[PDB]
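Peer 1: Questions regarding the structure given below will be posed in turn.
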Ligand SMILES: NC(=O)CN(CC(=O)O)CC(=O)O
Ligand SMILES: NC(=O)CN(CC(=O)O)CC(=O)O
Ligand SMILES: NC(=O)CN(CC(=O)O)CC(=O)O
């Protein structure tokens, strides 16, 4: 039948927590209430002394993304298994279209790669790495027909993905017309390009040059710039992988000023820092290289977690894009050749619980909001996911917040052979993971097959995102002053 009763636990949604059992049938939660009856044949999962939470939604992944022909080692199959083992039940991955290439072709290639491999549900964001009439039409098709309401634009990567301010204005205006949210990689690509050339010329070829060539002012600048453009066109904006206190403070100030913008720190920037780039062991230092870089101010992850607790920042992903030690070593002599990307998909939930809830910065309900609910609201499938409620999808984690686990590359399920959180002791253990109403992870073992997950098709004009946008189109139009024509003389 696929019938499950989760009994004895405490349900934790983003608004409040309460003791209740949860009845799962046919992929769905069909009842939430105290002391529910066990129908003959249903499996009982005993959640006594545990929390029963919506499974995590990782807003930010890059499973098996190609770097110069060699692919990230966590692929859609191993990467989603690792997600489940860490309490995350959905991933949103970026379709990376090359400059001049069809976005629809790249979307089809992502679906054909991911559909037969994912072990949990997923969806896609689509990168807009160039601009033309064709891109414009393909974005409308993606939004209206292909289930994608999120487009990602780059202010970094000069010559490769970067768009200039005039093209960002056009692309953002078009996001707004099709009801999508505009995501941005906010670092100044002209400064990165110059900074890297400068560090190499000085013989700083190691990972410390990767951070030194683009310190946090470069990320803060472009973040304010994207906000200013999106505000000029009334387009909702999403700043992916916020890595620094000063970029987080730009998003914080803009939201207090009423800008429709959301900021997304990732597990890496919440759980570790960039002092690792200065480690004497080259291999250790290269493990942390990603764009934008982790920051060498050690107060950074605690401050980003304070701003996530306070809703200056709103939700979390991992930017999981993993490369083995032998793949990182492509840039042993030149940091610009190190394939960028770190791990996180598996450890996100425990890292945030340990650094955010156990530390007393946020409570269990805000934890659910920043790890599933807000993702579901922004990308338009709430309360289908991100809530324990009748009629929601049965993507459910039984969570032990009292026991600790030590995070280690020796025990993790990711394909990558190191872990940037190596050694960390976290309160908060996913003990059972249910995905699409099936037990896919329990007693430390995965039970799931490649292709069991499904692509989630979303509609455009997410209400959480657009209700203010649409009201501002109605009352915020600029008005002419009514005047008599100017009568006087004009110079020759
Ligand atoms: N890493 C950096 O900071 C500079 N590089 C980034 C890298 O590719 O590791 C940018 C460039 O190629 O100009
Ligand atoms: N050295 C790199 O990984 C260059 N990367 C930079 C990044 O991933 O941020 C661009 C790409 O992968 O196409
Ligand atoms: N860690 C990285 O920089 C990987 N890359 C991967 C890509 O987006 O091409 C960019 C990002 O993750 O920010």
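Residue numbers (the authors' numbering): 4 to 495. Built from N, CA and C at the ideal position, the CB exists for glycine as well.
#1: Using only CA atoms, which one of 7, 153 and 240 lies nearest to residue 228?
#2: List the whole-angstrom C-beta distance separating residue 128 from residue 97, where the pair is believed to meet the contact cut-off of C-beta under 8 Å.
#3: Would residue 423 and residue 271 qualify as a contact pair, given that the criterion is a beta-carbon distance under 8 Å?
#4: Measuring only the C-alpha atoms, how far is residue 258 from residue 420?
#5: Following a CB-centred definition, is residue 339 positioned closer than 7 Å to any heavy atom of ligand 2?
#6: Looking at the secondary structure, which residues open and close the alpha helix (DSSP H) in which residue 444 lies?
#7: Tell me the DSSP secondary structure of residue 402 in three-state form.
#8: Apart from the five residues just before and just after residue 54, which ones in its own chain have a Cβ nearer than 7 Å to its Cβ?
#9: For the segment 457 to 473 against the segment 180 to 194, are there 3 or more C-beta pairs whose distance is under 8 Å?
#10: Give the secondary structure of residue 66 by DSSP, where H, G and I count as helix, E and B as strand, and everything else as coil.
#11: Nearest to residue 199 by CA position, among 215, 375 and 238, is which residue?
#12: Which of helix, strand or coil does DSSP assign to residue 429?
#13: Identify which residue in 444, 407 and 446 has its Cα closest to the Cα of residue 429.
#14: Looking at C-beta atoms only, is the number of pairs between the segment 431 to 442 and the segment 115 to 126 that lie closer than 8 Å three or more?
#15: Please report the distance separating the alpha-carbon of residue 344 from that of residue 397.
#16: Of all the options 261, 308, 305 and 327, which has the alpha carbon lying nearest to the alpha carbon of residue 292?
#17: Quick one: measure Cβ to Cβ for residue 61 and residue 426, integer angstroms, because I've assumed they're closer than 8 Å.
#18: Short of 6 Å in beta carbon distance, which residues of its chain neighbour residue 570, apart from the five on each side in sequence? Order them along the chain.
#19: Give me the residue from 197, 188, 286 and 324 with the minimum Cα distance to residue 70.
#20: For residue 417, which of helix, strand or coil comes out of DSSP?
#21: Figure out for me which residue from 388, 130, 95 and 488 has the closest Cα to the Cα of residue 103.
#22: Taking residue 269 as part of the alpha helix (DSSP H), name the residues at either end of that continuous run.
#23: Does the segment 34 to 54 come into contact with the segment 75 to 92, if we say contact requires no fewer than three beta-carbon pairs (one atom in each stretch) closer than 8 Å?
#24: Return the chain-ordered ranges of every alpha helix (DSSP H) run that is complete within the segment 237 to 307 and spans a minimum of 4 residues.
#25: Give every residue of the same chain whose Cβ lies closer than 7 Å to the Cβ of residue 149, excluding the five residues on either side of it in the sequence, and list them in chain order.
#26: Any contact of the segment 203 to 215 with the segment 169 to 177, i.e. 3+ C-beta pairs under 8 Å?
#27: Does the segment 386 to 397 come close enough to the segment 369 to 376 to have 3 or more Cβ pairs within less than 8 Å?
#28: Could you pull the start and end residues of the beta strand (DSSP E) that residue 188 belongs to?
#29: Take residue 301 and list the residues in its own chain whose beta-carbon comes closer than 8 Å to its own, dropping the five residues that flank it on each side.
#30: Considering only heavy atoms of ligand 1, does any lie closer than 7 Å to the CB of residue 343?
#31: Can you tell me the Cβ-Cβ gap for residue 247 and residue 303, rounded? I've got them flagged as a contact below 8 Å.
#32: Can the beta-carbon of residue 253 be found closer than 8 Å to that of residue 187?
#33: Go to residue 27, then tell me how far its beta strand (DSSP E) extends in each direction, as first and last residue.
#34: Alpha helix (DSSP H) containing residue 369: first to last residue?
Peer 2: If we stick to the structure as given:
#1: For this step, residue 228 is matched to residue 225 along the chain shown. Residue 228 has its Cα closest to that of 240, out of 7, 153 and 240.
#2: Position 125 of the chain shown, counted from the first residue, corresponds to residue 128. Position 94 of the chain shown, counted from the first residue, corresponds to residue 97. Right, the Cβ-Cβ distance comes to about 5 Å (below 8 Å), so this counts as a contact.
#3: As a working note, residue 423 is residue 420 in the chain shown. As a working note, residue 271 is residue 268 in the chain shown. In this structure, residue 271 lies closer than 8 Å to residue 423 by Cβ.
#4: Walking along the chain shown from the start, residue 258 turns up at place 255. Walking along the chain shown from the start, residue 420 turns up at place 417. Residue 258 and residue 420: Cα-Cα distance of roughly 39 Å.
#5: Within the chain shown, numbered from 1, the residue matching residue 339 stands at position 336. Yes; taking the cut-off as 7 Å, the Cβ of residue 339 has a heavy atom of ligand 2 nearer than that.
#6: As a working mapping, residue 444 is identified with position 441 in the chain shown. Per DSSP, residue 444 belongs to no alpha helix (DSSP H); it is in the beta strand (DSSP E), 441 to 445.
#7: Here the question's residue 402 lines up with position 399 in the chain shown. It is a strand residue.
#8: Taking the chain shown and counting its residues from 1, the one referred to as residue 54 is at position 51. Within the same chain, residue 54 has close Cβ partners 12, 13, 15, 367, 402 and 404.
#9: The segment 457 to 473, when compared against the segment 180 to 194, does touch it at the 8 Å Cβ threshold.
#10: Residue 66 sits at position 63 when you count from the first residue of the chain shown. Coil.
#11: Residue mapping note: residue 199 aligns to position 196 of the chain shown, counting from 1. Here the closest residue by C-alpha is 215.
#12: Here residue 429 is taken as the residue at index 426 of the chain shown, counted from 1. In this structure, residue 429 counts as strand in the three-state DSSP scheme.
#13: Within the chain shown, numbered from 1, the residue matching residue 429 stands at position 426. With distances taken between Cα atoms, residue 429 lies closest to 407.
#14: These segments touch.
#15: Translated into positions along the chain shown, residue 344 becomes position 341. Translated into positions along the chain shown, residue 397 becomes position 394. Cα-Cα distance, rounded: 31 Å.
#16: On the chain shown, residue 292 is found 289 positions in, with the first residue counted as 1. Relative to residue 292, the option among 261, 308, 305 and 327 whose CA is nearest is 327.
#17: To locate residue 61, count along the chain shown from 1; it is residue 58. To locate residue 426, count along the chain shown from 1; it is residue 423. Residue 61 to residue 426, Cβ: 23 Å. No contact.
#18: No answer is possible for residue 570: it lies beyond the span of the chain, which begins at 4 and ends at 495.
#19: Position 67 of the chain shown, counting from 1, holds the residue named residue 70. Checking every option, the nearest Cα to that of residue 70 belongs to 324.
#20: Translated into positions along the chain shown, residue 417 becomes position 414. Here residue 417 sits in coil by DSSP.
#21: Position 100 of the chain shown, counted from the first residue, corresponds to residue 103. If we check each option's Cα against that of residue 103, 130 comes out closest.
#22: Reading the chain shown from its first residue, position 266 is the one you call residue 269. No alpha helix (DSSP H) holds residue 269; DSSP gives it neither H nor E.
#23: With fewer than three CB-CB distances shorter than 8 Å, the segment 34 to 54 does not count as touching the segment 75 to 92.
#24: Scanning the segment 237 to 307 for uninterrupted alpha helix (DSSP H) segments of 4 residues or longer gives 248 to 259, 270 to 274 and 285 to 289, listed from N- to C-terminal end.
#25: Indexing the chain shown from 1 puts residue 149 at position 146. So the list reads 110, once near-sequence residues are dropped.
#26: Cβ pair count under 8 Å is below three, so no.
#27: These segments touch.
#28: Numbered from 1 along the chain shown, position 185 holds the residue referred to as residue 188. For residue 188, the enclosing beta strand (DSSP E) stretches over residues 184 to 188.
#29: For the purposes of this step, residue 301 is identified with residue 298 of the chain shown, where counting begins at 1. The residues 276 and 278, in chain order, have a CB closer than 8 Å to that of residue 301 in the same chain once the five nearest residues on each side in sequence are set aside.
#30: Counting from one through the chain shown, the residue named residue 343 turns up at place 340. Because some heavy atom of ligand 1 lies under 7 Å away, the Cβ of residue 343 counts as near it: yes.
#31: Locating residue 247 in the chain shown gives position 244, counting from the first residue. Locating residue 303 in the chain shown gives position 300, counting from the first residue. The pair is a contact, with the Cβ atoms about 6 Å apart (cut-off 8 Å).
#32: Against the chain shown, residue 253 aligns to sequence position 250. Against the chain shown, residue 187 aligns to sequence position 184. Between residue 253 and residue 187, the gap from beta carbon to beta carbon reaches 8 Å or more.
#33: Within the chain shown, numbered from 1, the residue matching residue 27 stands at position 24. That run of the beta strand (DSSP E) goes 24 to 28.
#34: In the chain shown, the residue the question calls residue 369 occupies position 366. Where residue 369 is concerned, the enclosing alpha helix (DSSP H) stretches over 367 to 371.
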